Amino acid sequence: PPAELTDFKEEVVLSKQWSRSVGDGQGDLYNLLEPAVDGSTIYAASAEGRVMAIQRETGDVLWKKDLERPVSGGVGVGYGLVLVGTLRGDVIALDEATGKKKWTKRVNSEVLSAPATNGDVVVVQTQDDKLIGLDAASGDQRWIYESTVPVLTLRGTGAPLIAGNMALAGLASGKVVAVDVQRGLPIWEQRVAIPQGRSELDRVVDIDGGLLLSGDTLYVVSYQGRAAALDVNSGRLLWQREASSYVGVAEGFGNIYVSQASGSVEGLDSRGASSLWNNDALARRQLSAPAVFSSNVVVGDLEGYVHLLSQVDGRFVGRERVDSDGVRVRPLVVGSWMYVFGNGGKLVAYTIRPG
C-alpha cells in the first residue's frame, strides 16, 4: 500500500501551459513509451498506435497518425523521421513534418524501446538483445549485431543511443556495448550487471541498464543491484556502486540524482561515492526515473503526482497531480519547460510559476 502523501511547505508551483491527450498512453504495456522533442516540436506515441506531433510551446497539434497496431517501443525522432516499434516486431518510420508513413520493416523480435537514428541508419534494439541497423530511407537491413545469445526469460527494454559514429546499448544480458553505427561491428563491450544464474528460469523479467549519456560519460544505473559510469569512447569503468539500484539518474548542479522505484530519491556526488541527501517519504509509490527541472529534482508516482524536491536538501518543495493513472515516464525537461506523460496518455507541459 503506497505511503500516504505528506505535508510540506509549498515553495515551487507549476503553471500548466497546455495539455493534449495522445491515444491511451501506455495502455497495458509493462514497458514505457517516451515522448521526445526535436526543435520546437514534441512527438508522442501511444499503445493503441496513435502518434502525434505537437508544437511544444503552444500545444497546437501539427499532425496525428493512427497506425492501428500495437506500438510498444517509441518515440524515436531525428533527421526527418519519427520512429516506433510494434509488439509484432514492426519498425515504422513516419515523416517528421507530416506524419505520413514512409516505410515499415518487420524485424526478428518485439521492439520494446525507441529506435535511434543518425539520418543514415535507424538502430533498433530488440527484446532478445539484437541491435539491427536499418537504412533510414527504405527500412532495408544494413547490419545486425547479435551476440545475444539467449535468453527467453529476459526482455530487454533499453533504448539504443547514438553517440558519434557509435550506437550504445545496455543489453538484457547485463552487458553494455558500443558498435560502429555504419557497420554494426563492436567497438567495446563492458559487463555491468551482476551475472544471471538459473533460478529465474520460471519467470519473465524486464531488464534495462538505465543508460544516460552526458558528454564522455555513460551512466548505467538500472541493472540490479549495481550502478556504474563508463567512458563513452572505451567502455572503461569510471566508478561503480554496489548494493543499489536505481530506476534512473539525472545530472544537475555538479551532482547526480537517482530514484529507486521502491520509494527513495537521493542526491549523490558527481562520482556516486557519497550521499548528499536521501528522501524516503515516497515509500511504496513506484517512482519514475528522476529529472532535474531548474533547482528541483522531480519524480512521478503511481497515483499520477509529480513531486518536486530541492536539489540542495531533498525536501519536498512542490507537488502537482498530472494524470491519475500514474506517471512512469521520466519527466522531460527542455530548458524552462517540463513535459509529463501520464499513463493514460495525458501529455502536460509545465513551467515554474511565475514564469
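When you see a residue number, it is the position in the sequence shown, counting from 1.
Just going by the entry, 267-275 versus 126-134 on mean CA temperature factor gives the higher value to 267-275. For the segment pair 214-222 and 254-262, the entry gives 254-262 the higher mean B-factor, averaged over Cα atoms. Remark: of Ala36, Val329, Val306, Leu62, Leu62 shows the highest value [criterion: C-alpha B-factor in the PDB entry].
Based on the entry's C-alpha B-factors, the most elevated value among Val205, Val82, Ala283, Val107 belongs to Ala283. Among the modelled residues of the chain, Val181 sits in the lowest third by CA temperature factor in this PDB entry. Per-chain ranking of the deposited C-alpha B factor places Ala44 in the highest third. Per the PDB record, residue ranking by Cα B-factor puts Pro160 in the lowest third of the chain. When the modelled residues of the chain are ordered by C-alpha B-factor, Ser294 sits in the middle third.
The entry lists a Cα temperature factor for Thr117 that places it in the lowest third of the chain's modelled residues.
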